[PDB]
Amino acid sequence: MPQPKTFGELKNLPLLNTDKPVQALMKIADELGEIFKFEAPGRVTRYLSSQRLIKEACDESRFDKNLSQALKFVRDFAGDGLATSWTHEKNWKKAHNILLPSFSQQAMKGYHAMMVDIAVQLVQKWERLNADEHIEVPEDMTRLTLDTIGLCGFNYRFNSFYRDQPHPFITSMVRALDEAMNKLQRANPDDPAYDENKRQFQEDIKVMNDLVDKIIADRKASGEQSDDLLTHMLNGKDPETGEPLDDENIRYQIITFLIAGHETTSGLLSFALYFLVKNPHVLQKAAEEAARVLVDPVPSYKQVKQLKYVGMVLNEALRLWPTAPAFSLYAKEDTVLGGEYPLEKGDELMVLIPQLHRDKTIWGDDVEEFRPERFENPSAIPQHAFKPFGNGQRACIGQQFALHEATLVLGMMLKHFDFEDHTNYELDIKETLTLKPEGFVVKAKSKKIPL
């Protein structure tokens, strides 16, 4: 098996001591091909980049979800929520069974009104900018996704569009994620210099726990019923065990929805708008659809489902830059991958999603071009070739939520404004646990269409 350059006793690990580790791994995959071994002190994994091998890795009879070191550090504040739990933990299948109906396409009808609430705030903010002011795209998109998840999740308003400094919960969550991310490439973690990081980390965990535990307790005491996930979780029972989720796991699910959903979804909208302004003919196609479909001052659920080309735009943005760029697997038993790579029980795999989506044997030679028409007929796409939302029963439970919000928001943006890439922005992808175009700015000229 191919393997990149080594650093003596540290093996390959210093290769990840960079601010853009996913893009670095993509370049290694370019050099070494569909699979390479990555060794560190006390850990071996294998990075997969081809549909040929990843379709086998996605065989749930042979491989199960593994917690990457990133996910392991996130579990310190995400607990045994869906994203940071092992498949064999009782609370995964319990929460999976309870929550799946509340994330279905049919369930999006009930969240649509709250999504419109925040989306109209975004449109109103941009309508109210002065001439030669500009938009900070990922910053506003993250304001929009956080508030939408907070509203649809537990009927709480972070009011991000009223602030320069976010609600203290958001600051603690972002800083907790940053510390979790920074721990990945941190040498000598027990050194006294990181004592402050550890103190701050425990403080931010309590901030998140205290607010969510308070809202859960408030909702139980009031007895009120809203259209949010918190109500569904307070009333839900696992059909298998007959048990409901307890209050602690409910808090972890709410924290998980915010962690897993806010930056992935905001990056998608940011990357979508980036590719649109860089491809004016595609923007014109998407803007025509939004104008033709969204004939009412406020979009309906039915109208959002009609934004077929906008949906294609989002899928192509997810192809080039999937904002949750990897997931991890382990072999359930000894098995042979691709007919030439023997794997022992417990061996770890990483799916490098941006490389998978550039597999020329699947997509052709023009993999770097932004062409939503690749997704004109979804059935043409081979199995396990397009995995922006993971795989199998451990796939993204929020996929329908994410695509419904992004389709609604991008449609409204394209309905109400013309956009100008006024700085000729040079793509610079910042890496946390997710991907986003850092510093992406545009000017928006209103079409003067009322809400």
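We call the rigid core whatever largest set of C-alpha positions still superposes within 1.5 Å between the two forms. A residue's number is simply how far along the shown sequence it sits, counting from 1.
Asker: Core fit done; bigger CA RMS in 7 other deposited structures of this protein for 167-175 or for 266-274?
Answerer: Between 167-175 and 266-274, greater C-alpha deviation in 7 other deposited structures of this protein belongs to 167-175.
Asker: Going by root mean square C-alpha distance after a core fit, say whether 204-212 or 334-342 is farther from the shown form in 7 other deposited structures of this protein.
Answerer: When 204-212 and 334-342 are compared in 7 other deposited structures of this protein, 204-212 lies farther out.
Asker: Does residue 361 have no coordinates in at least a third of the other PDB entries examined?
Answerer: Result for residue 361: never missing in the compared entries.
Asker: Using a one-third cut-off over the other compared PDB entries, is residue 230 one of the residues left without coordinates?
Answerer: No, residue 230 is modelled in every one of the other compared entries that cover both of its flanks.
Asker: As stated in the PDB record, which stretch has the larger average Cα B-factor, 114-122 or 336-344?
Answerer: On average, C-alpha B-factors are higher across 336-344.
Asker: Tell me which stretch, 37-45 or 400-408, has the higher mean Cα B-factor listed in the entry.
Answerer: Going by the record's values, the stretch with the higher mean is 37-45.
Asker: Quick one: which of 140, 147, 359, 203 has the biggest Cα B-factor according to the entry?
Answerer: Highest C-alpha B-factor among the listed options: 203.
Asker: So if I compare the CA B-factors in the entry for 280, 168, 325, 81, which one is the largest?
Answerer: Comparing C-alpha B-factors across 280, 168, 325, 81, the top value belongs to 168.
Asker: Taking the entry's C-alpha B-factors for this chain, is residue 431 in the lowest, middle or highest third?
Answerer: For residue 431, whose C-alpha B-factor we compare with every modelled residue in the chain, the answer is the lowest third.
Asker: Can you tell me which third, lowest, middle or highest, the CA B-factor of residue 393 falls into for its chain?
Answerer: For residue 393, whose C-alpha B-factor we compare with every modelled residue in the chain, the answer is the middle third.
Asker: Where does the C-alpha B-factor of residue 261 rank in its chain, lowest, middle or highest third?
Answerer: As the PDB entry reports it, the C-alpha B-factor of residue 261 lands in the lowest third of its chain.
Asker: Sorting by Cα B-factor within the chain, modelled residues only, which third would residue 355 end up in: lowest, middle or highest?
Answerer: For residue 355, whose C-alpha B-factor we compare with every modelled residue in the chain, the answer is the middle third.
Asker: In terms of the chain's CA B-factor thirds, is residue 18 lowest, middle or highest?
Answerer: Highest third.
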